[PDB]
Every structure is written in C-alpha cells, then in structure tokens.
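A single chain, nothing else alongside it, follows as structure tokens in the form deposited in one PDB entry.
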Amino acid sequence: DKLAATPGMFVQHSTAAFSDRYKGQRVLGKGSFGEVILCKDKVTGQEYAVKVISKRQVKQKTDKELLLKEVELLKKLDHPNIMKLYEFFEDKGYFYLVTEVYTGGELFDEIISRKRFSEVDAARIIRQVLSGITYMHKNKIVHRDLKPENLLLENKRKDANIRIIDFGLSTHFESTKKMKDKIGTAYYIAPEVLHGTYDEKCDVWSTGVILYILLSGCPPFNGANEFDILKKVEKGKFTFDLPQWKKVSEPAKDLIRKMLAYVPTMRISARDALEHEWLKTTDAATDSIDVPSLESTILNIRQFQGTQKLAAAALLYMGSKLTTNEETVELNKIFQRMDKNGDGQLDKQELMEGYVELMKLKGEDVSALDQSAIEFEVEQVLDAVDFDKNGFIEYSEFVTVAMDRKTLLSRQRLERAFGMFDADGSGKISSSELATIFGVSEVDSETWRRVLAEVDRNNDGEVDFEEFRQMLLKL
C-alpha cells in the first residue's frame, strides 16, 4: 500500500478562510457564476488567481457535482502547458479555486492584434497545445472546447509559453463507450460531435482549426452566423484557396489536412501529430540551450537521495505548489526536450537518453559509456524521484528535484510548508496530520518510525518547525 505523494493530494487539504491566506488586489473578472480575484499570498507575496463561487451561484445539484468534478480533473493534471490548480477552499457560503495567474491574456486577443503567425511561431504554439492534449488524452481526459479563447499566454514575453484553460466542458472518457453530449464552439467543433457520437479526436480537429487560423488569420469554415458556420462545418469541405496560403509551406498544410480528416478514425492522433516533420523541422537545430542549466539540473537530480515520506511530501508540495513560473521557465524547457514522446512524463529511456545527449555535448564519446552503468544509475534516480511510485517522473516531481535546493528552500516556502502539515496549529506535526495530508486513514507505524529516527531531535514523538527545517536543509 505504497503511499503515493502527488501534487493533487495537497489541493483540498486546507479548510481555512480566504483571508487566512490571501489579500485581494483587484478583480480580474466577474461572471454570473462567480468572480476571479487577483490575490496576494499574505506570507509569500506571490500573486495568485482566486475564483470565488457563491453557493447560491451553483446549487444545482448537478452543478455542485459538476464543479467538484472540474476540481478532480485539475487535481489530476500536471503538465507545463495545462492550467495548474493550487488550492480548493470552502466557506459557509463560498468555494474558492486558487489558480495560477497567467498574465499574457488570451491567444484570441493576440490573434486580433497581429493577425497572422510566423510558421516558427505557430509551430511552437501548436506544439505545446498538442503536448498538453496528448497528455490529457493519455490520461483519459478530452477537453471538448479548444480555441484561442481557452488558451492563455503565461506572461507578456514575445515567445511566451501557452496554457490550456476552462475545463468546464471537459470530461473523462473510456475508449469503449463514445460520448454524446453536443458541446463545443461554432468555428472549432468537429463534425462527429454534431452527429452525437464522438471521441477525443475532436480535440485534434479543434486544434487543426486553430492552426488554420494561426497561419492565415481566417477560419477554414465561416458563416454569416453560428448556424451558417455549423452547416459549412458539417459538410466538411475546406480549402487552402486564400492568397495568404501561397506563402505557407506544404507540410504545414499536410498537418492541417491530417488534423481535419473528416472521419475521426482517419484523423491523426495528438501523439502522432507531434511527430509531424513541420513541428520536427521548424526546429532548425536545437535552439541555443544552456549546457550549464542542463548540467546542473542533471546534477541536482542525481543527488536527490531517496527519502522518508515526510520529506518527500514536503518537497513535492514546495515544488508543485510554491514555485513561481518565472522560477521554473528553464526547467520546463529541459523537461519538454527530455520528453520526446510528448506525453508529459519522463520514462527510463527518455531519462537515459537525456544523460547521454548531455554527455556528447560535454563531448564525451557515446560508444565509450558504460551503458549498463548509466541504466543502473537511471533506475535508481527514478526510484528516488518517482514520488507517486507509478514508474514515471512527472513534471511536478521533476521540478521539485531539479530545482536548486537552496533556491527552493526559501524561508517563506519553508514556513508555509510546515503550516500546511501542521493543521491543528500546534507547532508540531503528528503522524495523524501526516496521514491526513497524504489522504489516507493512518500512516504505517513503519513509515512514522523511519521518519522520526531521522528528524525528531526533542524526541517528543513529533516534528516542530526547526526539526522540519534541519531535515530538509540537511542538503
């Protein structure tokens, strides 16, 4: 019964008041359902996006179930290009969703300002989208509502990273049963969804529509109104007949055509679309990538000794929940590069190749490497870093472990971390509090023993804020 530390186990765990952790700054949006508030974490000064929902806004029993469901999706997801959920709170009359703040606004608005995207630009953007959804599709989640309106740029830099959002029409899927609900948006929605039977491939279609727009500034299917769009769509025919397309390379068209294959069975999957030459070829050579960053990350990984569960959870919390995007930009690069097959996980092969790739850049000769020795080392790294024990290194796990410990173990982070564990505010962490954070009924006497003998200096049977400090700060 291996206690799996996952980013998501931290989410619903606090049941404090909004004001116990946050200070509002301004309103980011109001809707009939609720408002999004820009808040400042009182302790860390970091800036978060808090959606605040009145119980009265959503007391449709389906609706409570619907929201709770979007929450469980988000708790599960963890990918550099997909929205990150930090916390879910409850009030006497309110629910709170603490999300990361994405300061770049909608891809839509960036569309209506420059109109057309560079082939380089568009490939990079679309690459990210498909990686998001490859991940989602792998994990049996289909979005059903892709569009520039539901993609945000993280910040304002020229080639900023992209994040997928509003999982309110998203759902779980089992390959054996096809979905039926008619959900989506005029310009982007795939024929089969109109017909009432569809699969996750609709997300590919939508992405294909998105890509058409990026390259030409126009939808491939248009209409006087929604209805006229839908008819155009359902009939299925589109064309590269616009003058704009004269400039654009044939493979890009080829990808577009493979993504807008009318019948889902013949339409390319996300995984496979990722391998399209264009996405492949738009990278003319590896962009200049810091070897030092790469070397240090690989070094910070090797030296993560396997560890007792209290520290593991602590670190995963700090990595997954307390790190600013500015903070992890370079890392998420390396991760993505490491993750050839796009699915947002590192596996033994991908990790092993990473180290080898690094070696040659160090100029080391590849036929001169004790391959069976690397493998072993890699097997052990995975054992050490795989906090949820699924045999894969996920992005949160990666960031936790790849970040400079000194940087990550900032004092604010440390304080706050202890705070989350010590639910009774007693200043002392009980095994019961540990079990609670893990999401489990009780912790094995085994595991508690194996943690105290390494942290409990007073020997009072519990872990206080300084015992905590030393444990982690013990390099």
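One rule holds for the numbers: they count along the sequence shown, beginning at 1. Superpose the two forms; the largest set of C-alphas matching within 1.5 Å is the rigid core.
Just so it is clear, the following notes concern the form solved in complex with a small molecule, a form of the same protein that is not shown.
- The stretch that touches the small molecule in the entry with it bound, counting heavy atoms within 4.5 Å, is 95-103, out of 310-318, 367-375, 255-263, 95-103.
- When the small molecule is considered in the entry with it bound, residue 51 lines it closely, a heavy atom lying within 4.5 Å.
- For the chain shown alone, residue 152 is a contact residue for the small molecule in the entry with it bound, at least one non-hydrogen atom being within 4.5 angstroms.
- Contact check for residue 417: every heavy atom lies farther than 4.5 Å from the small molecule in the entry with it bound.
- Using a 4.5 angstroms limit between non-hydrogen atoms, residue 356 is distant from the small molecule in the entry with it bound.
- When you look in the entry with it bound, the only residue of 183, 71, 384, 289 with a non-hydrogen atom within 4.5 Å of the small molecule is 71.
- A single residue from the set 214, 83, 268, 294 has any heavy atom within 4.5 angstroms of the small molecule in the entry with it bound; that residue is 83.
- Contact annotation for the candidate site: 29, 36 and 67 all lie close to the small molecule in the entry with it bound (heavy atom within 4.5 Å).
- A 2 Å or larger CA shift between this form and the one not shown, after fitting on the rigid core, occurs at just one of 93, 196, 243, 105, namely 93.
- With the core held fixed, residue 10 shows a CA shift below 2 Å between this form and the one not shown.
- Once you line up the core between this form and the one not shown, the Cα of residue 19 ends up 2 Å or more from where it was.
- Once the cores line up, the CA of residue 44 ends up 2 angstroms or more apart between this form and the one not shown.
- Between the C-alpha atoms of residue 69 and residue 13, a gap narrowed by no less than 3 Å is obtained in the entry with it bound, as opposed to the form on display.
- Compared with the form shown here, the C-alpha atoms of residue 185 and residue 30 sit at least 3 Å closer together in the entry with it bound.
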